[PDB]
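Asker: Dropping a structure here in structure tokens format, bear with me for questions.
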Amino acid sequence: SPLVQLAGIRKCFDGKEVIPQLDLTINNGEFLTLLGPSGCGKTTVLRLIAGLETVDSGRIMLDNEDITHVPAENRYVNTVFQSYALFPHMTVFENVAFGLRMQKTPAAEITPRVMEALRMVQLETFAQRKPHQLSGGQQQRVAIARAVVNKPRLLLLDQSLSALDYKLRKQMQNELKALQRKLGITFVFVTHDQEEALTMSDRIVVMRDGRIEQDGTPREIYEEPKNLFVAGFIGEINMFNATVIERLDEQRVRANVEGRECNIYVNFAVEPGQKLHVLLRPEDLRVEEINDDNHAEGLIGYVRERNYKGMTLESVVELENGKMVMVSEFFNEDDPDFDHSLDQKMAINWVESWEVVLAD
Amino acid sequence: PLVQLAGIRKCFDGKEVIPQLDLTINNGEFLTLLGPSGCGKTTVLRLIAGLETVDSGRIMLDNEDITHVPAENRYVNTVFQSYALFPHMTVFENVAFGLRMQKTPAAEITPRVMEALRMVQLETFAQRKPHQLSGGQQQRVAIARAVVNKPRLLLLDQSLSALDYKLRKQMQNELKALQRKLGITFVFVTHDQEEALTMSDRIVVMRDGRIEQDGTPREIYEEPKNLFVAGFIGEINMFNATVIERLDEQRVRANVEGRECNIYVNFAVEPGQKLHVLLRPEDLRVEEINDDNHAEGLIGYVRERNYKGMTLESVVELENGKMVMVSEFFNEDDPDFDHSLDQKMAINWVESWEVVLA
Amino acid sequence: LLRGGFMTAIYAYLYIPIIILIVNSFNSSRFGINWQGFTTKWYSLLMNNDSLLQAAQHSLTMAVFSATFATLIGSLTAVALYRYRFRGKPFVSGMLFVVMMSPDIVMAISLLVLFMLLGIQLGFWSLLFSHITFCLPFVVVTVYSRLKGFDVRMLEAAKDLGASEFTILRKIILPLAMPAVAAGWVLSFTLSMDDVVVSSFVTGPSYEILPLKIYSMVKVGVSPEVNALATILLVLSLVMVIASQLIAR
Amino acid sequence: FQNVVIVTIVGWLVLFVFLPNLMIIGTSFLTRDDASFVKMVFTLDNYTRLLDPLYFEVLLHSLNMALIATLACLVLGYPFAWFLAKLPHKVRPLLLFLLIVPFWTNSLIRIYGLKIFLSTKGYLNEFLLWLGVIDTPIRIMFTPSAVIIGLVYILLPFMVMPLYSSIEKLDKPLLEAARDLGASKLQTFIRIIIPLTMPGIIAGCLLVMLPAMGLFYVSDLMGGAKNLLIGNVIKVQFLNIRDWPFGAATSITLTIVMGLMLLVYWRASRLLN
Ligand SMILES: [Mg+2]
Ligand SMILES: [Mg+2]
Ligand SMILES: [Mg+2]
Ligand SMILES: [Mg+2]
């Protein structure tokens, strides 16, 4: 069931095409995250939906009703700002009741709704305090309660938890996901953080320079990238070069990678002489001894640096050709059999069917 | 011994920020002061730099007292959080300010400034105002300004906090190499634990103006001293236990959460004493269903599986009502991974790999 | 201690003449140089003087009216500049800056020639217009400085919550800008009560104020009745400032 | 809403400030008449008469007298603003308010009071003799020194406030960085503080120099007939002799100086930003 349908959205600001052309659909009852580098244009889409900006050309729907030109006062869309946009003189109670008062709500219902909204975010006893008497985590909850009390069809969040510390951010990442399920309305989130998007979202859209690169579930993004930018942006990847020699069967293809031959799993059709990119992640590579290898063929290289990062050990490995390859693994210092040698000939291997093959 | 602090006290608006602090900073090392927000690290840094005056105690630098010496006469230079960066001067003059103001002969100013700018890879942006540069450039200008006077100790105050995630990872290694190249001591104040683990040679943990632990990055993560340091550096699981009898000099039998197991204790204990057993989330294994005479020790149900990209966190619930929060890697293309949700499960560890506290 | 002593000297510099004219009010000597006893005669003679009291009333009326109109126009202009973002804002700021940093003699003679090229008699209206003209920039600057210390996203937040513009200017901006409005009123009142140069150019015999009335008496000699007027005007002007703070509170 | 306020404020300024100024500059080029005031005959006699020695010595005297008053305000005003910036935030507004309390009494009465205070047989001469600092009475009335004392009195508050605003907007870390790198208090002032607060100095100078060249009641009451300011010359030509074109020619010199100081302000701001 579609809720917002953007068709042919364009916008130009000061002789700059921020949004060339965008087609997007937002369903009902999900958590959606717009993620990308700085300056890709997520805030423009958010403001166009909210109504604080007007589109140069295109069409916008909400529940099969055209709101392209309806002003940003009659739409059923509410927004949470980055700076929390709080009125200083008003109290918490009046901050929450602002939207209800300017909707001509009957006076009898105002107090129970406001108290319920404050209870939803655990702030029922700070009703009569004012801002500047509250911490950041409290002001954020006041903003969310002010946005949610009008029963909107859609809630927009713009980098909401950016200014906070680590553990408090981790805890509110979970309360927001619980609140979305408790209410039952669509959330649209804009963030620059990768792990934050991967944790709390049910559908991720990656944006670069005003265009959509990939849309899918978090697993479909971290595990099956579509191009090189998406693979390198979320997570961290190793780029290998390949040339196709021959095909054995429908799903296994022989090719050389950096001067060594091994089998790779390719599903789409290829022809001999074609160049490919084989992508592997740090946690999927294994460094093993070659003196008693007697297992299979693999890459040869030396270990230059061993970095201790707490829970994980990151190793920088130099191949014979000269490309940098980095391997990650857990640190078990109480294991008697733990490799620690440096500047030695050791092999690099990976388990079959764990690669991501992308054509060029 | 470079800087020795004995009995330093400081009060600001009546509230004590440093009760009593004893510390010794050696020569040729990387030291990081790590702790929660508002614990008096910045006060220590400013006290050493000379921008504040102590209420009691002594400060020494190479066995000469500098408690009352003003900041212009100390051989200590500081990099500020906001990159002071005088707006009406070029980069060349920014770097050459300190040389110009110590009455230095004019022949040596240009080569020294050029070399300092070269060490931070800014030799071609010599004539540009500090508004045509970006964050990294401004940071490198600040570092070059600090290190051109040849100081005996460089102080850094949350230097790389405002940058992005990839530039941070690059400049951490860059600073770690620069320290070895120069040969002087660095003192760094940070709020991020990963930076302290990956960049330091000695970490000092502070809380409410007091020292909790001091040692190698390995010691803090692997051998915490009290319950605060564990759980601040990473995630911890605190299990209660009761000692029964001492099997030998190394292993002691105990009752953990209503079940019996053998644990390693390295100090004297007596039956009836209460013990704390700490285990990291990634050292715990949720193995197959309870097999007779194969796996024993704990019983619990999964109750959740959270996907976080590289790793997968499962918060299991025991028989008593406690969470355990197991962590592990996510291998999807491996055709034996378990996706079970709410049946009887087993919790084990490796008979060691545990930290026992009194 | 040396820092505190310097600050006292500057305050003692400005306040000493006021103390002298207050004290010499009770003096018996007409010239005021020496002290020759305590008399109350000057206040009684002032009470029976008509032209002096009329001039004082005219000055106070001009001050109140000019302050009110300047406060209104300047507050509206400041809200306009702060609320919107447009291309012409630097130009308006520059015009206001140039108006503020202009000689008073040029501004007086320009208004004289303008009012003589339009056949407008010199009196109430010319004086009121001149006072408003040279009081506006300070009000604009005060209110703009007060308003720029708050986030501008609150207006967008009010829009998203379903508030029209007039509601936004009747519920958000005004309570945050009232203490600046009171200060603007007080500053305009002071500036209109102090000026002597413009009034001596753009006025006429029909409307007489205190500056020219005292200037006329200078050629013959200033009786201590003027000192008796100045002390009362201090108390009356004091209570007006006290009232303004309470109303704004 | 948006258009109404902008048109009204722009219409008010163009009608009352800018357009009349173009009338004054255009009046300096026409020809005098007894009953018609200005006559439409383009002449350059007005500007060339300013080069006569009689009317050129008066202009030179005013510049010297106003320039020293500006310097005296800067020397006594920068320290006052600096010390007011090292005080608790609550007491600062009260101290600033106590600077405009004297303004409620009119300016033409406060100079009359100061004249009595500085007279030969008045106070400040009896007290000094009683203390014994001086031996014979000090006579400074009807001298160039008296005018400069009076001008500093009236216009001193106008210089303090621009300077206090610039000082309070300074960045504390910038002052701490210099101290770390080896700057004495003197070298910080010459190389950092003064360049960062230069627009505040130029703003204060404009508000104290130009108004000090038009105060005619200070010269009349404290200076005499030998020491006159430009405002006395303009006043006579506009209200007694009724030679309006000459008054416009004299007033141009004040306008020309305004442009020079304004240009410095724009150039000082661009370099700083
Ligand atoms: Mg480990
Ligand atoms: Mg896979
Ligand atoms: Mg994986
Ligand atoms: Mg261990």
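What follows is calculated from the coordinates using simple rules that are stated; it is not laboratory data. In this analysis, Cβ positions are derived from the backbone assuming ideal geometry, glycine residues included, and neighbour counts consider all displayed protein chains.
Asker: List the extent of the Cα atoms of segment C:30-80 along each of their three principal axes, largest first, rounded to whole Å.
Answerer: The Cα atoms of segment C:30-80 stretch 59, 25, 15 Å along their principal axes.
Asker: While we're on this one: Taking the Cβ of each residue in A:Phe13, B:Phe239 as the centre, tally the other Cβ atoms inside 10 Å and list the residues starting with the fewest.
Answerer: A:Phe13, B:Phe239
Asker: In nanometres, what is the gap between the two model label sites at D:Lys90 and B:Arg246, each 7 Å from Cα along Cα-to-Cβ?
Answerer: 6.2 nm
Asker: Okay, next question. Among C:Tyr82, C:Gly204, C:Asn34, which residue has its Cα positioned farthest towards the positive end of the charge dipole of chain C, with +1 placed on the Cβ of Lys and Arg, -1 on the Cβ of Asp and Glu, and the dipole taken about the Cα centre?
Answerer: In chain C, that residue is C:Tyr82.
Asker: Choose one of B:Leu122, A:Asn349, D:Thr143: the residue whose Cα lies farthest towards the positive end of the charge dipole of the protein assembly as shown (beta-carbon charges +1 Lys, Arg; -1 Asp, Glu; about the Cα centre).
Answerer: Going by the charge dipole, the pick is D:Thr143.
Asker: Once phi is turned into θ = phi - 60°, what whole-Hz ³J(HN,Hα) does the Karplus curve with 6.51, -1.76 and 1.60 give for every residue of segment A:60-66, x standing for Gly and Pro?
Answerer: Running phi through 6.51 cos²θ - 1.76 cosθ + 1.60 with θ = phi - 60° gives 10, 10, 9, 6, 6, 10, 7 Hz.
Asker: Moving on to the next point. With label points built 7 Å along Cα→Cβ from the Cα atoms of D:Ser145 and A:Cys12, find their separation and express it in nm.
Answerer: Each label point is offset 7 Å from its Cα along the Cβ direction, giving 7.3 nm.
Asker: Just the C-alpha atoms of segment C:11-126: what Rg/Rh do they give, with Rh taken as the Kirkwood radius?
Answerer: On the Cα set of segment C:11-126, Rg over Rh gives 1.14.
Asker: Among all helices in chain C defined by DSSP H, which have a length of 15 Å or more along the axis from Cα atoms plus a Kyte-Doolittle mean of at least -0.5?
Answerer: Numbers: long enough: C:2-23 (30 Å, 1.79); C:50-83 (50 Å, 0.88); C:89-100 (17 Å, 1.59); C:104-117 (20 Å, 2.62); C:124-147 (34 Å, 1.45); C:173-194 (31 Å, 1.44); C:225-248 (36 Å, 2.06).
Within chain C the helices that satisfy the rule are C:2-23, C:50-83, C:89-100, C:104-117, C:124-147, C:173-194, C:225-248.
Asker: Moving to a separate point now. Given labels modelled 7 Å from the Cα in the Cβ direction, how far is it in nm from B:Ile299 to B:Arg118?
Answerer: Rounded to a tenth, the inter-label distance reads 7.3 nm.
Asker: Considering only DSSP beta bridges with both partners in chain B, what is the antiparallel share in %, to the nearest 5?
Answerer: Within chain B, antiparallel bridges account for around 75 percent of the total.
Asker: Rank the residues D:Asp52, A:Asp337 as a footprinting-exposure proxy: fewest other Cβ atoms within 10 Å of their Cβ go first.
Answerer: Starting with the residue having the fewest Cβ neighbours, the order is A:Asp337, D:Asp52.
Asker: Mind checking segment D:26-108 for trypsin sites (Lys or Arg not before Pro) that DSSP puts in a loop (not H, G, I, E or B) and that have at most 10 other Cβ atoms within 10 Å?
Answerer: Values: sites: D:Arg32, D:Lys39, D:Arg49, D:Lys86, D:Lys90; in loops: D:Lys86, D:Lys90.
Sparse-neighbourhood loop trypsin sites (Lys or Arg not before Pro): D:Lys86, D:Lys90.
Asker: With the Cα gyration tensor of segment B:237-357 in hand, convert its eigenvalues to equivalent ellipsoid semi-axes via √(5λ) and list them largest first in whole Å. List each step's numbers first, then the result.
Answerer: On the way: eigenvalues 166, 41, 35 Å².
Semi-axes from the Cα gyration tensor: 29, 14, 13 Å.
Asker: Right, here's the next one. Which order, highest average first, do C:194-200, C:88-94 follow once you tally other Cβ atoms within 10 Å for each residue and take the mean per peptide?
Answerer: The densest-packed peptide leads the list: C:194-200, C:88-94.
Asker: Right, something else. Report the net charge of residues surrounding B:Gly98, where surrounding means a beta-carbon distance below 15 angstrom and charges are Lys +1, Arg +1, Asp -1, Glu -1. Please list the in-between numbers first.
Answerer: Numbers: positive: B:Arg74, B:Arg100, B:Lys103, B:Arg112, B:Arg145, B:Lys150, B:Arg152, D:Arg179, D:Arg191; negative: B:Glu72, B:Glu93, B:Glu108, B:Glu115, D:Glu176, D:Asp180.
It works out to a net charge of +3.
Asker: Over all residues in B:303-316, what is the mean tally of Cβ atoms on other chains that come within 10 Å of each residue's Cβ? The partial results should precede the final answer.
Answerer: On the way: counts 0, 0, 0, 2, 6, 5, 12, 10, 3, 0, 1, 0, 0, 0.
Across the residues of B:303-316, the mean count of other-chain Cβ atoms within 10 Å is 3.
Asker: Next up: Calculate the tail of P(r) for segment A:4-233: the fraction of all Cα-Cα distances greater than 25 Å, expressed in %.
Answerer: 44 percent
Asker: What does a probe at D:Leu131 reach in segment C:12-43, counting residues whose amide N is under 13 Å from the point 7 Å along Cα→Cβ?
Answerer: Answer for segment C:12-43: C:13.
Asker: Once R0 is set to 30 Å, what does the formula 1/(1 + (r/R0)^6) return for the Cβ-Cβ distance between B:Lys181 and B:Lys129, expressed as a FRET efficiency to the nearest 0.05?
Answerer: 0.60
Asker: Please report how far the C-alpha centroid of segment A:164-183 lies from that of segment A:270-340, rounded to the nearest whole angstrom.
Answerer: 37 Å
Asker: Which loop GluC sites (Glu not before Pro) in segment B:118-206, with loop taken from DSSP, have no more than 13 other Cβ atoms within 10 angstrom of their Cβ?
Answerer: B:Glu123
Asker: Give me the number: length gained by fully extending B:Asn255 to B:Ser56, i.e. 0.36 nm times residue separation minus the C-alpha to C-alpha distance, one decimal in nm.
Answerer: 66.7 nm
Asker: Moving to a separate point now. Provide the FRET efficiency to the nearest 0.05 for the B:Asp22-B:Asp208 pair, computing r from the beta carbons and using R0 = 22 Å.
Answerer: 0.85
Asker: Further, regarding this structure: From the gyration tensor of the Cα coordinates in segment B:96-232, what semi-axes in whole Å does the equivalent ellipsoid have, largest first, with each one equal to sqrt(5λ)?
Answerer: They are 34, 17, 12 Å, listed largest first.
Asker: Once the Cβ-Cβ distance between A:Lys104 and C:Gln54 is put in as r, and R0 is 35 Å, what FRET efficiency do you end up with, to the nearest 0.05?
Answerer: On the way: r = 55 Å, r/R0 = 1.58.
The formula returns an efficiency of 0.05 here.
Asker: When the Kirkwood radius is taken over all Cα pairs of segment D:1-43, what Stokes-Einstein diffusion coefficient follows at 4 °C and 1.567 mPa s, in µm²/s?
Answerer: 104 µm²/s
Asker: Of B:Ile289, B:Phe267, B:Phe330, which is farthest towards the positive pole of segment B:237-357's charge dipole, taken about the Cα centre with +1 and -1 on the beta-carbons of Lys, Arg and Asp, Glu respectively?
Answerer: B:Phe267
Asker: Sticking with this one: Return the loop-located chymotrypsin sites (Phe, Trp or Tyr not before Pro) in segment D:35-119 (DSSP other than H, G, I, E, B) with at most 14 other Cβ atoms within 10 Å of their own Cβ; answer none if there are none.
Answerer: In loop regions of segment D:35-119 (DSSP not H, G, I, E or B), the sparsely surrounded chymotrypsin sites (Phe, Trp or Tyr not before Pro) are D:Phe42.
Asker: Moving on. P(r) of the protein assembly as shown in 20 Å steps, Cα pairs, percent per bin?
Answerer: 8, 27, 32, 20, 10, 3, 0
Asker: By the gyration tensor of its Cα atoms, with a ≥ b ≥ c the square roots of the eigenvalues, what is the shape of chain D: rounded for a/c under 1.5, prolate for a/b over b/c, or oblate?
Answerer: oblate
Asker: Let me know the mean shielding of C:10-21 by other chains, meaning the per-residue number of their Cβ atoms within 10 Å of its Cβ.
Answerer: The mean count of partner-chain Cβ atoms within 10 Å per residue comes to 6.
Asker: Here is a further query. Could you give me the radius of gyration and the Dmax of segment C:51-218, taking only the C-alpha atoms into account and expressing both in angstrom?
Answerer: When restricted to Cα atoms, segment C:51-218 yields Rg and Dmax of 18.9, 65 Å.
Asker: Here is a further query. Per residue of B:206-216, how many C-beta atoms from partner chains lie within 10 Å of its own C-beta, taken as a mean?
Answerer: Partner Cβ neighbours, averaged per residue: 0.
Asker: How do the peptides A:115-121, B:142-148 rank, highest first, by the average count of neighbouring beta carbon atoms within 10 Å per residue?
Answerer: Top to bottom by mean Cβ count within 10 Å: B:142-148, A:115-121.
Asker: A further question follows. Most exposed first by the Cβ proxy, i.e. fewest other Cβ within 10 Å, how do D:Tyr164, A:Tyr166 rank?
Answerer: By the 10 Å Cβ count, ascending: A:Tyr166, D:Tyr164.
Asker: With Kirkwood's inverse mean 1/r over C-alpha pairs for Rh, give me the Rg to Rh ratio of segment A:1-64, two decimals please.
Answerer: Ratio of gyration radius to Kirkwood radius: 0.96.
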